[PDB]
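Enquirer: One structure follows; several queries about it will come next.
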Amino acid sequence: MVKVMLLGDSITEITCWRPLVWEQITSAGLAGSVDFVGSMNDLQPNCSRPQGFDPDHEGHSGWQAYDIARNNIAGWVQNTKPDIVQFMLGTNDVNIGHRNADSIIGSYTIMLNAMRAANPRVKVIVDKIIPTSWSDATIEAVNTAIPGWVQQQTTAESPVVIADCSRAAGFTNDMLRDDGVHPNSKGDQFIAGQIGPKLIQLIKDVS
Ligand SMILES: CCCCCCCCO[C@@H]1O[C@H](CO)[C@@H](O)[C@H](O)[C@H]1O
Ligand SMILES: O=S([O-])[O-]
Ligand SMILES: [Ca+2]
């Protein structure tokens, strides 16, 4: 099976886009070919769970890319050896850590280095980060940086592709919960529509 790790923070852990992506995989005829991997397996009870849903993920509410890069990622990828890694991180670096864009892209680099050390053929999706309701400018600065980072980092052996979940790709405030940070059902549909097709293409590419 193709092993996929859905790495992230609360936007991965406590949201419902992962079931939608699994549905897409199912619809593509790939549910028997795909194993979602990771240390966590919680899903909120208000999400519409497809039957057969693979609940494993590597989402952690409140965790920062800074910390994950330095303390956790090597363990997680060493334990699971994913073929594909999809992530959105950085929201807590800003809102909790008060870190800048240079910090966050640096932490990206350290995470990707660890993913590749575990698997030099890993295929990676980096998500441009959803906006906060208040259009946090350091989040946008990370988003403006992601394409250059990808250009610097992507290789034929280990491609890095972008799932653009940003303001600029259509993420509206109407897609946020009342806390101004997490996607509501509309934002989950949007997220799943950006990630799911890139993830399906990568799955198909895995040898
Ligand atoms: C720094 C932000 C860290 C994560 C805060 C997560 C807040 C999640 O909030 C929770 O969402 C649930 C639905 O998903 C609701 O059922 C709960 O009542 C609510 O507390
Ligand atoms: O969860 S509903 O507000 O889009
Ligand atoms: Ca699994």
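In the structure tokens, chains take the letters A, B, ... in the order shown, each chain's residues start at 1, and ligands count up from 1 in the order shown.
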Find the nearest atom pair between each residue of chain A and ligand 2 for residues within 12 Å, count only C-alpha atoms and all ligand atoms, give distances in Å to one decimal, sort rows by chain and ascending number, and present the table as a tab-separated table.
Expert:
residue	atom	partner	partner_atom_place_in_ligand_line	distance
A:15	CA	ligand 2	1 (O)	10.0
A:16	CA	ligand 2	1 (O)	9.7
A:17	CA	ligand 2	1 (O)	11.6
A:46	CA	ligand 2	1 (O)	9.5
A:47	CA	ligand 2	1 (O)	9.7
A:48	CA	ligand 2	1 (O)	11.6
A:172	CA	ligand 2	4 (O)	11.4
A:173	CA	ligand 2	4 (O)	10.6
A:174	CA	ligand 2	4 (O)	7.6
A:175	CA	ligand 2	4 (O)	6.3
A:176	CA	ligand 2	3 (O)	7.6
A:177	CA	ligand 2	3 (O)	6.5
A:178	CA	ligand 2	3 (O)	8.7
A:179	CA	ligand 2	3 (O)	11.7
A:180	CA	ligand 2	3 (O)	11.8
A:182	CA	ligand 2	1 (O)	10.1
A:183	CA	ligand 2	1 (O)	7.8
A:184	CA	ligand 2	1 (O)	4.0
A:185	CA	ligand 2	1 (O)	3.9
A:186	CA	ligand 2	4 (O)	4.4
A:187	CA	ligand 2	4 (O)	7.0
A:188	CA	ligand 2	4 (O)	8.4
A:189	CA	ligand 2	4 (O)	9.0
A:190	CA	ligand 2	4 (O)	10.7
Enquirer: Report as JSON, numbers by chain which protein, DNA and RNA residues come within 7 Å of ligand 3, using only C-alpha atoms and all ligand atoms.
Expert: {"A": [35, 36, 37, 54, 55, 56]}
Enquirer: Pick out the residues sitting within 7 Å of residue 9 (chain A), and hand them over as a ChimeraX atom specification; count only C-alpha atoms, and ignore anything fewer than 6 positions along from it in its own chain.
Expert: /A:59-63,89
Enquirer: Residues of the last selection are to be written out with N, CA, C and O atoms, as a tab-separated table (two decimals), in the first residue's frame.
Expert:
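To be explicit, this is the file written out as out.tsv:
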chain	number	residue	atom	x	y	z
A	59	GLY	N	-1.61	14.91	13.07
A	59	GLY	CA	-2.08	16.27	13.47
A	59	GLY	C	-2.07	16.40	15.00
A	59	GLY	O	-2.57	15.57	15.73
A	60	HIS	N	-1.66	17.58	15.45
A	60	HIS	CA	-1.48	17.94	16.86
A	60	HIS	C	-1.88	19.37	17.08
A	60	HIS	O	-1.12	20.30	16.77
A	61	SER	N	-3.02	19.54	17.75
A	61	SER	CA	-3.53	20.87	18.02
A	61	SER	C	-2.54	21.70	18.85
A	61	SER	O	-2.12	21.25	19.86
A	62	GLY	N	-2.26	22.92	18.38
A	62	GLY	CA	-1.42	23.90	19.05
A	62	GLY	C	0.05	23.72	18.76
A	62	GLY	O	0.82	24.60	19.15
A	63	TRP	N	0.48	22.64	18.11
A	63	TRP	CA	1.92	22.46	17.94
A	63	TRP	C	2.48	23.34	16.83
A	63	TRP	O	1.83	23.55	15.75
A	89	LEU	N	1.35	23.64	8.38
A	89	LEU	CA	1.84	24.06	9.69
A	89	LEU	C	2.31	25.49	9.65
A	89	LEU	O	2.65	25.98	8.57
Enquirer: Which residue, A:6, A:156, A:94, A:162, has the smallest gap to ligand 1 when you use only C-alpha atoms and all ligand atoms?
Expert: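 Using only C-alpha atoms and all ligand atoms, the shortest distance to ligand 1 belongs to A:94.
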Enquirer: At a cut-off of 10 Å, using only C-alpha atoms, what residues contact residue 52 (chain A)? Leave out same-chain residues fewer than 4 positions from it and give the result as a ChimeraX atom specification.
Expert: /A:19,22-23,26,31-32
Enquirer: Nearest to residue 70 (chain A): which of A:39, A:107, A:119, A:44 is it, counting only C-alpha atoms?
Expert: A:107
Enquirer: When DSSP works through the backbone of this structure, what residues of region 25-205 of chain A end up as helix (DSSP H, G or I), shown as a PyMOL selection string?
Expert: chain A and resi 25-27+31-33+65-80+91-95+101-118+137-153+167-169+173-175+185-205
Enquirer: Compile the contact shell of residue 82 (chain A) as a PyMOL selection string: residues with an atom at most 9 Å away, counting only C-alpha atoms, same-chain residues fewer than 4 positions apart removed.
Expert: chain A and resi 2-5+36-38+77-78+115+118-119+122-123
Enquirer: Would you mind listing what lies within 8 Å of residue 130 (chain A) as a PDB file with C-alpha atoms, in the first residue's frame, with only C-alpha atoms counted and same-chain residues fewer than 4 positions away left out?
Expert:
ATOM      1  CA  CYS A 165      -5.363  26.677   0.637  1.00  0.00           C
ATOM      2  CA  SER A 166      -4.644  30.428   0.878  1.00  0.00           C
ATOM      3  CA  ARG A 167      -6.762  33.604   0.712  1.00  0.00           C
ATOM      4  CA  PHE A 171     -10.244  30.795   1.228  1.00  0.00           C
TER       5      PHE A 171
END
Enquirer: In region 90-159 of chain A, what's strand (DSSP E or B) per DSSP? Answer as a PDB file with N, CA and C atoms, in the first residue's frame?
Expert:
ATOM      1  N   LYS A 123       7.388  11.978  -1.407  1.00  0.00           N
ATOM      2  CA  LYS A 123       6.690  12.979  -2.199  1.00  0.00           C
ATOM      3  C   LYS A 123       5.984  13.778  -1.184  1.00  0.00           C
ATOM      4  N   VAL A 124       6.024  15.087  -1.345  1.00  0.00           N
ATOM      5  CA  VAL A 124       5.529  15.985  -0.286  1.00  0.00           C
ATOM      6  C   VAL A 124       4.565  17.007  -0.887  1.00  0.00           C
ATOM      7  N   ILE A 125       3.481  17.226  -0.156  1.00  0.00           N
ATOM      8  CA  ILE A 125       2.580  18.333  -0.394  1.00  0.00           C
ATOM      9  C   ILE A 125       2.773  19.332   0.723  1.00  0.00           C
ATOM     10  N   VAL A 126       3.132  20.579   0.379  1.00  0.00           N
ATOM     11  CA  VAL A 126       3.118  21.673   1.353  1.00  0.00           C
ATOM     12  C   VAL A 126       1.850  22.488   1.035  1.00  0.00           C
ATOM     13  N   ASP A 127       1.044  22.745   2.070  1.00  0.00           N
ATOM     14  CA  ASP A 127      -0.122  23.590   1.906  1.00  0.00           C
ATOM     15  C   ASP A 127       0.225  25.036   2.159  1.00  0.00           C
ATOM     16  N   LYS A 128      -0.173  25.927   1.249  1.00  0.00           N
ATOM     17  CA  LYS A 128      -0.252  27.311   1.621  1.00  0.00           C
ATOM     18  C   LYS A 128      -1.375  27.334   2.708  1.00  0.00           C
TER      19      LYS A 128
END
Enquirer: Which one of A:153, A:51, A:12, A:71 sits closest to ligand 1 if you count only C-alpha atoms and all ligand atoms?
Expert: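 Ranked by minimum distance to ligand 1, first place goes to A:12.
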Enquirer: Smallest atom-to-atom distance to residue 135 (chain A): which of A:43, A:69, A:168, A:161, using only C-alpha atoms?
Expert: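 Among the listed residues, A:168 lies closest to residue 135 (chain A).
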Enquirer: Find the residues around region 96-103 of chain A up to 10 Å (only C-alpha atoms counted), leave out those fewer than 2 positions away in its own chain, and share them as a ChimeraX atom specification.
Expert: /A:62-67,90-94,105-109,137-146
